[PDB]
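Student: this one's a deposited entry, sequence included:
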Amino acid sequence: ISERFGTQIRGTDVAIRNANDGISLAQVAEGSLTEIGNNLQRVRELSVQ
Amino acid sequence: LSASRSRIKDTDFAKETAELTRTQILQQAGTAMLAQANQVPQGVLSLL
């Protein structure tokens, strides 16, 4: 049982790391989409005139 | 990108100090037990 518990804990650590990396990926994608949206807003304002 | 890089390279000061304290205590325990084990076999001389 001690060896099995060791397996569990050691897996849990790298699982934490993988979850953090997923968070980072999502953040970067949202960062780019924001600027795309701002440019679109400007074009629409220009086109109303 | 700078935020992303730091998650996998930086030290967490909260966890390392506990390991330091544990290792320091274990060293003293080991040294004391070593001295005792070395001292043990002296008792054979009284049989002579």
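Tutor: Thanks, I have it. Residues are numbered from 1 along each chain as shown, chains lettered A, B, ... in the order given.

Student: what secondary structure does residue B:11 sit in?
Tutor: On the three-state scheme (DSSP: H, G, I helix; E, B strand; the rest coil), residue B:11 is labelled coil.

Student: that one: how many residues sit nearby?
Tutor: 7 (other Cβ atoms under 10 Å in any protein chain shown). All C-beta atoms are positioned from the backbone trio N, CA, C, and that covers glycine.

Student: how near is it to chain A?
Tutor: For residue B:11, the distance to chain A equals 15 Å [Cβ to the nearest Cβ, to the nearest Å].

Student: and what of residue B:33?
Tutor: Separation of residue B:33 from chain A (Cβ to the nearest Cβ) stands at 23 Å.

Student: now residue B:17: how far from residue A:17?
Tutor: As judged by Cβ to Cβ, to the nearest Å, residue B:17 and residue A:17 stand 21 Å apart.
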